[PDB]
Structures are given as C-alpha cells and as structure tokens.
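The file my_file10.cif comes next; it holds mmCIF, C-alpha atoms.
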data_input
#
loop_
_atom_site.group_PDB
_atom_site.id
_atom_site.type_symbol
_atom_site.label_atom_id
_atom_site.label_comp_id
_atom_site.auth_asym_id
_atom_site.auth_seq_id
_atom_site.Cartn_x
_atom_site.Cartn_y
_atom_site.Cartn_z
ATOM 1 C CA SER A 1856 -26.883 17.422 2.121
ATOM 2 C CA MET A 1857 -27.106 20.952 0.670
ATOM 3 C CA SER A 1858 -26.056 23.540 3.289
ATOM 4 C CA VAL A 1859 -25.990 20.684 5.972
ATOM 5 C CA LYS A 1860 -22.497 19.491 6.842
ATOM 6 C CA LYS A 1861 -20.897 17.140 9.389
ATOM 7 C CA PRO A 1862 -18.195 18.868 11.496
ATOM 8 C CA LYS A 1863 -14.799 19.415 9.629
ATOM 9 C CA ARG A 1864 -12.276 16.524 10.461
ATOM 10 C CA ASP A 1865 -8.748 18.092 10.368
ATOM 11 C CA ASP A 1866 -7.070 16.526 7.325
ATOM 12 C CA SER A 1867 -4.160 18.972 7.049
ATOM 13 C CA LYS A 1868 -1.590 16.489 8.420
ATOM 14 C CA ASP A 1869 -2.816 13.509 6.342
ATOM 15 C CA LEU A 1870 -0.158 13.910 3.595
ATOM 16 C CA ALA A 1871 2.666 14.009 6.089
ATOM 17 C CA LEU A 1872 1.374 11.168 8.128
ATOM 18 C CA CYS A 1873 0.794 8.877 5.019
ATOM 19 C CA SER A 1874 4.441 9.734 3.967
ATOM 20 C CA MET A 1875 5.652 8.644 7.402
ATOM 21 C CA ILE A 1876 3.737 5.404 7.282
ATOM 22 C CA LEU A 1877 5.062 4.769 3.743
ATOM 23 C CA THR A 1878 8.661 5.414 5.034
ATOM 24 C CA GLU A 1879 8.171 2.856 7.727
ATOM 25 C CA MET A 1880 6.844 0.318 5.194
ATOM 26 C CA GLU A 1881 9.789 1.060 2.808
ATOM 27 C CA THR A 1882 12.336 0.400 5.584
ATOM 28 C CA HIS A 1883 10.763 -2.822 6.945
ATOM 29 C CA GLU A 1884 13.003 -5.818 6.310
ATOM 30 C CA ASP A 1885 10.193 -7.708 4.597
ATOM 31 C CA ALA A 1886 9.465 -4.833 2.113
ATOM 32 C CA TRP A 1887 11.875 -6.230 -0.564
ATOM 33 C CA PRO A 1888 9.188 -7.921 -2.730
ATOM 34 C CA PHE A 1889 7.249 -4.610 -2.870
ATOM 35 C CA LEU A 1890 9.839 -1.862 -3.317
ATOM 36 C CA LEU A 1891 9.680 -1.780 -7.130
ATOM 37 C CA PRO A 1892 7.245 -2.743 -9.842
ATOM 38 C CA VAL A 1893 7.236 -6.467 -10.748
ATOM 39 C CA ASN A 1894 9.178 -6.818 -13.993
ATOM 40 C CA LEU A 1895 6.429 -7.734 -16.487
ATOM 41 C CA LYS A 1896 8.982 -8.923 -19.076
ATOM 42 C CA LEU A 1897 10.680 -11.299 -16.674
ATOM 43 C CA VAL A 1898 7.811 -12.724 -14.601
ATOM 44 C CA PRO A 1899 5.553 -15.074 -16.501
ATOM 45 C CA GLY A 1900 1.870 -14.726 -15.828
ATOM 46 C CA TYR A 1901 2.068 -11.373 -13.968
ATOM 47 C CA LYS A 1902 0.914 -9.109 -16.715
ATOM 48 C CA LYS A 1903 -2.196 -11.118 -17.577
ATOM 49 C CA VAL A 1904 -3.202 -12.127 -14.149
ATOM 50 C CA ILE A 1905 -2.637 -8.909 -12.068
ATOM 51 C CA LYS A 1906 -4.874 -6.347 -13.609
ATOM 52 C CA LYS A 1907 -3.636 -3.456 -11.452
ATOM 53 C CA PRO A 1908 0.008 -3.769 -10.441
ATOM 54 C CA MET A 1909 1.096 -1.616 -7.478
ATOM 55 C CA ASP A 1910 4.337 -1.256 -5.501
ATOM 56 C CA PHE A 1911 5.764 1.102 -2.850
ATOM 57 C CA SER A 1912 7.844 3.159 -5.331
ATOM 58 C CA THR A 1913 4.748 3.869 -7.413
ATOM 59 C CA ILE A 1914 2.769 4.791 -4.289
ATOM 60 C CA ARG A 1915 5.622 7.092 -3.233
ATOM 61 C CA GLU A 1916 5.647 8.866 -6.634
ATOM 62 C CA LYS A 1917 1.796 9.211 -6.601
ATOM 63 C CA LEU A 1918 1.957 10.612 -3.041
ATOM 64 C CA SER A 1919 4.706 13.101 -3.872
ATOM 65 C CA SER A 1920 2.861 14.390 -6.993
ATOM 66 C CA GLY A 1921 -0.676 14.966 -5.584
ATOM 67 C CA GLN A 1922 -2.238 11.977 -7.156
ATOM 68 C CA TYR A 1923 -4.056 10.839 -3.946
ATOM 69 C CA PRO A 1924 -7.173 12.915 -3.421
ATOM 70 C CA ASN A 1925 -7.585 11.676 0.165
ATOM 71 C CA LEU A 1926 -6.135 9.221 2.718
ATOM 72 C CA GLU A 1927 -8.586 6.432 1.639
ATOM 73 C CA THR A 1928 -7.311 6.319 -1.917
ATOM 74 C CA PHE A 1929 -3.779 6.004 -0.418
ATOM 75 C CA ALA A 1930 -4.882 3.037 1.780
ATOM 76 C CA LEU A 1931 -6.569 1.424 -1.268
ATOM 77 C CA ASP A 1932 -3.231 1.372 -3.191
ATOM 78 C CA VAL A 1933 -1.295 0.034 -0.187
ATOM 79 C CA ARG A 1934 -3.883 -2.808 0.259
ATOM 80 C CA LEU A 1935 -3.707 -3.445 -3.537
ATOM 81 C CA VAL A 1936 -0.008 -4.244 -3.097
ATOM 82 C CA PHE A 1937 -0.941 -7.022 -0.607
ATOM 83 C CA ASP A 1938 -3.970 -8.276 -2.437
ATOM 84 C CA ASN A 1939 -1.893 -8.661 -5.567
ATOM 85 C CA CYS A 1940 0.754 -10.477 -3.579
ATOM 86 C CA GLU A 1941 -1.851 -12.966 -2.229
ATOM 87 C CA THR A 1942 -3.274 -13.474 -5.727
ATOM 88 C CA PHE A 1943 0.072 -14.496 -7.154
ATOM 89 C CA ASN A 1944 2.068 -16.085 -4.315
ATOM 90 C CA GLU A 1945 1.475 -19.117 -2.119
ATOM 91 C CA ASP A 1946 0.913 -18.263 1.612
ATOM 92 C CA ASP A 1947 3.823 -20.680 2.397
ATOM 93 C CA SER A 1948 6.542 -18.888 0.306
ATOM 94 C CA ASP A 1949 8.916 -16.203 1.431
ATOM 95 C CA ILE A 1950 7.053 -13.563 -0.642
ATOM 96 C CA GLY A 1951 3.651 -14.828 0.499
ATOM 97 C CA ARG A 1952 4.666 -14.535 4.168
ATOM 98 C CA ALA A 1953 6.304 -11.133 3.520
ATOM 99 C CA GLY A 1954 2.975 -9.896 2.207
ATOM 100 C CA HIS A 1955 0.976 -11.087 5.191
ATOM 101 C CA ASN A 1956 3.499 -9.550 7.576
ATOM 102 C CA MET A 1957 3.499 -6.198 5.758
ATOM 103 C CA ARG A 1958 -0.271 -6.008 5.597
ATOM 104 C CA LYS A 1959 -0.414 -6.591 9.367
ATOM 105 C CA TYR A 1960 2.256 -3.975 9.945
ATOM 106 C CA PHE A 1961 0.418 -1.461 7.747
ATOM 107 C CA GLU A 1962 -3.014 -1.999 9.275
ATOM 108 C CA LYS A 1963 -1.730 -1.394 12.783
ATOM 109 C CA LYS A 1964 0.051 1.865 11.822
ATOM 110 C CA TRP A 1965 -3.115 2.908 9.986
ATOM 111 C CA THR A 1966 -5.410 2.311 12.996
ATOM 112 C CA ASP A 1967 -2.983 3.871 15.443
ATOM 113 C CA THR A 1968 -2.461 6.938 13.303
ATOM 114 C CA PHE A 1969 -6.035 7.686 12.136
ATOM 115 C CA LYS A 1970 -8.695 5.616 14.113
#
Would you mind writing the structure in this file as structure tokens?
Amino acid sequence: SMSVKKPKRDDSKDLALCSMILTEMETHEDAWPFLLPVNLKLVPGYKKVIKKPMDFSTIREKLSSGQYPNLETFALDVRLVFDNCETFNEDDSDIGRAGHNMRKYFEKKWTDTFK
C-alpha cells in the first residue's frame, strides 16, 4: 500500500530473456502455423471467430517496440496464439498438434527461466 512495498524483484533482464524465449519458439520446427498472421482474406471463418488474432511475428514487433509493459503481458500474447489455435483447429490435425507441442515447449522455458 502507500509507502509499504514488497522487495524489488530484478526485472532488468526480462526483455532480453523474453526475446530469447521468442527466438527459440520461432526456430522450433513446429512453429510454422504461428510465424505470421493468419490470412483473413484466405481463411474462411477466422476473422469472425477469432476475436484477437496473434502470431509470433506480431509478438516480435510488439516486443521490439516497447509495447509489452511487463513479462506477464508478453506471456498472455504467447498463450493467446495457442488458445486461438485450439479454438480453430481439431486436436488431431497437424496444426492442432503443433499448437499443443508449442504450448508445452513455451511453458517449460517460461518456468525454467522465471519461476
């Protein structure tokens, strides 16, 4: 509360570490469904159904331009990528499986880096 603060967690390396995680996600072989925004002209249903599209390129641009105020808003956008994928794709499809694999990969790196 006012003039009463928890001890300062060092957040000075957060930007660099989120960039590293994002690099690892970008270079994973199963990243291909997520590298670029879904083409809303060419994919029926996507625009109406997925209220907040997100992809790795868009996360990378947001990261590089100071549009994440803290590491939790970064993790929210990454998880959005996988939540969208599950909304639109059957679990038993290549893209559906890609999304489960990538979410697992991400959550481990996240825990190991920060928790």
Neighbours of segment 1944-1960 of chain A within 8 Å (all atoms listed in the file; same-chain residues fewer than 6 positions away dropped), as an mmCIF file with C-alpha atoms, keeping the file's coordinate frame?
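The file below, around24.cif, is the result:
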data_model
loop_
_atom_site.group_PDB
_atom_site.id
_atom_site.type_symbol
_atom_site.label_atom_id
_atom_site.label_comp_id
_atom_site.auth_asym_id
_atom_site.auth_seq_id
_atom_site.Cartn_x
_atom_site.Cartn_y
_atom_site.Cartn_z
ATOM 1 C CA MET A 1880 6.844 0.318 5.194
ATOM 2 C CA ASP A 1885 10.193 -7.708 4.597
ATOM 3 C CA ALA A 1886 9.465 -4.833 2.113
ATOM 4 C CA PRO A 1888 9.188 -7.921 -2.730
ATOM 5 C CA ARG A 1934 -3.883 -2.808 0.259
ATOM 6 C CA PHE A 1937 -0.941 -7.022 -0.607
#
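Only residues having an atom at most 8 Å from (3.6, -14.9, -9.1) are included; using all atoms listed in the file, these are residues 1898, 1899, 1900, 1901, 1940, 1942, 1943 and 1944 of chain A.
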C-alpha atoms of the current selection, written as a PDB file, in the coordinates of the input:
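Once everything was written out, this is again.pdb:
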ATOM      1  CA  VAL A1898       7.811 -12.724 -14.601  1.00  0.00           C
ATOM      2  CA  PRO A1899       5.553 -15.074 -16.501  1.00  0.00           C
ATOM      3  CA  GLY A1900       1.870 -14.726 -15.828  1.00  0.00           C
ATOM      4  CA  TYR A1901       2.068 -11.373 -13.968  1.00  0.00           C
ATOM      5  CA  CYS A1940       0.754 -10.477  -3.579  1.00  0.00           C
ATOM      6  CA  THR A1942      -3.274 -13.474  -5.727  1.00  0.00           C
ATOM      7  CA  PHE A1943       0.072 -14.496  -7.154  1.00  0.00           C
ATOM      8  CA  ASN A1944       2.068 -16.085  -4.315  1.00  0.00           C
TER       9      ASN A1944
END
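Take atom CA of residue 1923 of chain A and atom CA of residue 1873 of chain A: the distance between them is 10.4 Å.
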Shell of 8 Å around residue 1909 of chain A, all atoms listed in the file, local chain residues under 2 positions omitted, as a list in words: residues 1892, 1907, 1911, 1913, 1914, 1932, 1933, 1935, 1936 and 1939 of chain A
Chain and number of each residue from the PyMOL selection byres ((chain A and resi 1869) around 12), as a short mmCIF file (atom, residue, chain, number, x, y, z; two decimals) with C-alpha atoms, in the frame of the given file:
data_model
loop_
_atom_site.label_atom_id
_atom_site.label_comp_id
_atom_site.auth_asym_id
_atom_site.auth_seq_id
_atom_site.Cartn_x
_atom_site.Cartn_y
_atom_site.Cartn_z
CA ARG A 1864 -12.28 16.52 10.46
CA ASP A 1865 -8.75 18.09 10.37
CA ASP A 1866 -7.07 16.53 7.32
CA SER A 1867 -4.16 18.97 7.05
CA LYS A 1868 -1.59 16.49 8.42
CA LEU A 1870 -0.16 13.91 3.60
CA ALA A 1871 2.67 14.01 6.09
CA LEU A 1872 1.37 11.17 8.13
CA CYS A 1873 0.79 8.88 5.02
CA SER A 1874 4.44 9.73 3.97
CA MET A 1875 5.65 8.64 7.40
CA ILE A 1876 3.74 5.40 7.28
CA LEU A 1918 1.96 10.61 -3.04
CA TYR A 1923 -4.06 10.84 -3.95
CA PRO A 1924 -7.17 12.92 -3.42
CA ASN A 1925 -7.58 11.68 0.16
CA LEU A 1926 -6.14 9.22 2.72
CA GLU A 1927 -8.59 6.43 1.64
CA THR A 1928 -7.31 6.32 -1.92
CA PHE A 1929 -3.78 6.00 -0.42
CA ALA A 1930 -4.88 3.04 1.78
CA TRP A 1965 -3.12 2.91 9.99
CA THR A 1968 -2.46 6.94 13.30
CA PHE A 1969 -6.04 7.69 12.14
#
Computed interatomic separation between atom CA of residue 1891 of chain A and atom CA of residue 1912 of chain A (Å): 5.6 Å
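Picture a line from atom CA of residue 1903 of chain A to atom CA of residue 1917 of chain A; it runs 23.4 Å.
Closest approach to residue 1881 of chain A among A:1921, A:1896, A:1941, A:1915 is made by A:1915 (distances from only C-alpha atoms).
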Could you add the missing atoms to segment 1932-1957 of chain A, up to N, CA and C atoms, and return them as a PDB file, in the frame of the given file?
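Output file rebuild_21.pdb follows:
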ATOM      1  N   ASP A1932      -4.433   1.771  -2.435  1.00  0.00           N
ATOM      2  CA  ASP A1932      -3.231   1.372  -3.191  1.00  0.00           C
ATOM      3  C   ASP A1932      -2.299   0.520  -2.335  1.00  0.00           C
ATOM      4  N   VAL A1933      -2.123   0.873  -1.043  1.00  0.00           N
ATOM      5  CA  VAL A1933      -1.295   0.034  -0.187  1.00  0.00           C
ATOM      6  C   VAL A1933      -1.915  -1.413  -0.149  1.00  0.00           C
ATOM      7  N   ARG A1934      -3.213  -1.500   0.143  1.00  0.00           N
ATOM      8  CA  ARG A1934      -3.883  -2.808   0.259  1.00  0.00           C
ATOM      9  C   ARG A1934      -3.797  -3.564  -1.081  1.00  0.00           C
ATOM     10  N   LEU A1935      -3.870  -2.853  -2.214  1.00  0.00           N
ATOM     11  CA  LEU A1935      -3.707  -3.445  -3.537  1.00  0.00           C
ATOM     12  C   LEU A1935      -2.384  -4.193  -3.670  1.00  0.00           C
ATOM     13  N   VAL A1936      -1.330  -3.625  -3.083  1.00  0.00           N
ATOM     14  CA  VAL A1936      -0.008  -4.244  -3.097  1.00  0.00           C
ATOM     15  C   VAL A1936      -0.118  -5.672  -2.436  1.00  0.00           C
ATOM     16  N   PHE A1937      -0.846  -5.755  -1.323  1.00  0.00           N
ATOM     17  CA  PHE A1937      -0.941  -7.022  -0.607  1.00  0.00           C
ATOM     18  C   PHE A1937      -1.916  -8.011  -1.156  1.00  0.00           C
ATOM     19  N   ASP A1938      -3.004  -7.509  -1.693  1.00  0.00           N
ATOM     20  CA  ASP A1938      -3.970  -8.276  -2.437  1.00  0.00           C
ATOM     21  C   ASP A1938      -3.417  -8.867  -3.679  1.00  0.00           C
ATOM     22  N   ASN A1939      -2.621  -8.110  -4.429  1.00  0.00           N
ATOM     23  CA  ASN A1939      -1.893  -8.661  -5.567  1.00  0.00           C
ATOM     24  C   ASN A1939      -0.941  -9.754  -5.162  1.00  0.00           C
ATOM     25  N   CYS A1940      -0.241  -9.503  -4.075  1.00  0.00           N
ATOM     26  CA  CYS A1940       0.754 -10.477  -3.579  1.00  0.00           C
ATOM     27  C   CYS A1940       0.061 -11.837  -3.235  1.00  0.00           C
ATOM     28  N   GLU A1941      -1.085 -11.749  -2.566  1.00  0.00           N
ATOM     29  CA  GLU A1941      -1.851 -12.966  -2.229  1.00  0.00           C
ATOM     30  C   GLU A1941      -2.428 -13.676  -3.460  1.00  0.00           C
ATOM     31  N   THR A1942      -2.822 -12.906  -4.465  1.00  0.00           N
ATOM     32  CA  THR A1942      -3.274 -13.474  -5.727  1.00  0.00           C
ATOM     33  C   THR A1942      -2.202 -14.321  -6.442  1.00  0.00           C
ATOM     34  N   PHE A1943      -0.967 -13.898  -6.385  1.00  0.00           N
ATOM     35  CA  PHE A1943       0.072 -14.496  -7.154  1.00  0.00           C
ATOM     36  C   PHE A1943       1.018 -15.437  -6.417  1.00  0.00           C
ATOM     37  N   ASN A1944       1.034 -15.392  -5.089  1.00  0.00           N
ATOM     38  CA  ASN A1944       2.068 -16.085  -4.315  1.00  0.00           C
ATOM     39  C   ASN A1944       1.371 -17.009  -3.304  1.00  0.00           C
ATOM     40  N   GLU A1945       1.958 -18.180  -3.139  1.00  0.00           N
ATOM     41  CA  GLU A1945       1.475 -19.117  -2.119  1.00  0.00           C
ATOM     42  C   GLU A1945       1.723 -18.483  -0.722  1.00  0.00           C
ATOM     43  N   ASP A1946       0.740 -18.653   0.174  1.00  0.00           N
ATOM     44  CA  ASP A1946       0.913 -18.263   1.612  1.00  0.00           C
ATOM     45  C   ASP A1946       2.236 -18.802   2.231  1.00  0.00           C
ATOM     46  N   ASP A1947       2.616 -20.026   1.887  1.00  0.00           N
ATOM     47  CA  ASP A1947       3.823 -20.680   2.397  1.00  0.00           C
ATOM     48  C   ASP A1947       4.984 -20.532   1.372  1.00  0.00           C
ATOM     49  N   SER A1948       5.359 -19.283   1.125  1.00  0.00           N
ATOM     50  CA  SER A1948       6.542 -18.888   0.306  1.00  0.00           C
ATOM     51  C   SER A1948       7.127 -17.733   1.064  1.00  0.00           C
ATOM     52  N   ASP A1949       8.370 -17.377   0.800  1.00  0.00           N
ATOM     53  CA  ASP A1949       8.916 -16.203   1.431  1.00  0.00           C
ATOM     54  C   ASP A1949       8.113 -14.934   1.065  1.00  0.00           C
ATOM     55  N   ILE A1950       7.734 -14.802  -0.194  1.00  0.00           N
ATOM     56  CA  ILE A1950       7.053 -13.563  -0.642  1.00  0.00           C
ATOM     57  C   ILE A1950       5.660 -13.533  -0.064  1.00  0.00           C
ATOM     58  N   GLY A1951       5.016 -14.689  -0.020  1.00  0.00           N
ATOM     59  CA  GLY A1951       3.651 -14.828   0.499  1.00  0.00           C
ATOM     60  C   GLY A1951       3.580 -14.419   1.988  1.00  0.00           C
ATOM     61  N   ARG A1952       4.531 -14.889   2.772  1.00  0.00           N
ATOM     62  CA  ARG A1952       4.666 -14.535   4.168  1.00  0.00           C
ATOM     63  C   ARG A1952       5.016 -13.056   4.362  1.00  0.00           C
ATOM     64  N   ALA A1953       5.949 -12.546   3.535  1.00  0.00           N
ATOM     65  CA  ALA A1953       6.304 -11.133   3.520  1.00  0.00           C
ATOM     66  C   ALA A1953       5.038 -10.291   3.382  1.00  0.00           C
ATOM     67  N   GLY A1954       4.178 -10.662   2.462  1.00  0.00           N
ATOM     68  CA  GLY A1954       2.975  -9.896   2.207  1.00  0.00           C
ATOM     69  C   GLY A1954       1.987  -9.905   3.337  1.00  0.00           C
ATOM     70  N   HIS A1955       1.813 -11.070   3.984  1.00  0.00           N
ATOM     71  CA  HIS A1955       0.976 -11.087   5.191  1.00  0.00           C
ATOM     72  C   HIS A1955       1.543 -10.253   6.295  1.00  0.00           C
ATOM     73  N   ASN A1956       2.861 -10.331   6.540  1.00  0.00           N
ATOM     74  CA  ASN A1956       3.499  -9.550   7.576  1.00  0.00           C
ATOM     75  C   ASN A1956       3.348  -8.022   7.361  1.00  0.00           C
ATOM     76  N   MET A1957       3.595  -7.616   6.125  1.00  0.00           N
ATOM     77  CA  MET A1957       3.499  -6.198   5.758  1.00  0.00           C
ATOM     78  C   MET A1957       2.082  -5.636   5.847  1.00  0.00           C
TER      79      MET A1957
END
